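# Per-entry structural report
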Amino acid sequence: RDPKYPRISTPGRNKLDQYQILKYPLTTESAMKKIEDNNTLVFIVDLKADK
RNA sequence: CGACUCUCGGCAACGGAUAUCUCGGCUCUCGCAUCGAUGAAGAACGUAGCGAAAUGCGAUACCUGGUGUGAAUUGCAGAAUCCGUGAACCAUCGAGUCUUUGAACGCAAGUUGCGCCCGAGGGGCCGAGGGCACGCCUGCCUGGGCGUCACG
Ligand SMILES: [K+]
Ligand SMILES: [K+]
Ligand SMILES: [K+]
Ligand SMILES: [Mg+2]
Ligand SMILES: [Mg+2]
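Per the deposited record, cryo-EM is how this structure was determined, to a resolution of 2.84 Å.

Before going further, it helps to examine the packing of aromatic side chains. For any pair of aromatic rings, the description rests on two quantities: the centre-to-centre distance and the angle between the ring planes. Per the stated rule, a full pass over the model turns up zero aromatic pairs. Above the ring of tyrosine 5, the side-chain terminus of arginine 7 is found at 4.1 Å from the ring centroid.

When you line up the elements, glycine 12 lands in the segment before helix 1 (18-21). Sequence-wise, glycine 12 and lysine 34 are 22 residues apart; in three dimensions their C-alpha atoms are separated by 38 Å.

Another point: the protein's contact with RNA strand B. Taken together, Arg1, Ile8, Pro11, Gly12, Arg13, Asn14, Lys15, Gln20, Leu47 and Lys48 make up all the residues around RNA strand B. For RNA strand B, a sugar or linking oxygen lies 3.4 Å from a polar atom in the backbone of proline 11. Separating a sugar or linking oxygen of RNA strand B from a side-chain N or O atom of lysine 48 is a distance of 2.7 Å.

Definitions and limits used
Residues numbered from 1 in each chain as written, not as in the entry; some residues may be left out. Chains lettered and ligands numbered in written order. Part of a larger assembly, values for the part shown. Heavy atoms only, no water. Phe/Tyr/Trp six-rings, centres within 6.5 Å; stacked < 30°, edge-to-face > 60°. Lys NZ or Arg CZ within 6 Å of the ring centre and 35° of its normal. Helix = DSSP H or I, 4+ residues; strand = E, 2+ residues; numbered from the N terminus. Near = heavy atom within 4 Å. Polar contact = N/O pair within 3.5 Å; in protein donor to acceptor, adjacent residues only side chain to side chain.

Quick look at the structure:
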């Protein structure tokens, strides 16, 4: 396919950027235990974000 | 005299009739002609400092932009703004955005399951982003058959 015009002309922007992936951290008592016991941060993340 | 039953009146209950209403209904008349593969109608999930629904909107998410008007919104709180490119849960619309779906279109489907191609940008690797259904029309490219021939 070598089209005579592009069907989409908008570049296409990454709407699932880092600010959508990392919404906010968890601050519950269980989540705070993970910080000093297992060097772990708990985050609320987007549903579309994989590991 | 007392209890019980029945009965008459006064006050208090129970219940929601009556009366007066009404941003609703019903009937009639008029004007207009505008949905969708440029993805509709419908369905799902999200979205507010405090929201569940209804209403609105779509990761730009009770809204962005333009224009108009011209000082509010308010249930609470905080911010912004005022002789101004300037408040508004204001009006209107030409600029935008518009998740998962659905005629629904890579293949499926009680699955966010199973594939292939291109590709900014940082040989290979990692990519943001995007393509790949069916029928049909015009043109085009690559082909098949001694089907009809011509010359070698
Ligand atoms: K009585
Ligand atoms: K009445
Ligand atoms: K399967
Ligand atoms: Mg509303
Ligand atoms: Mg489908």
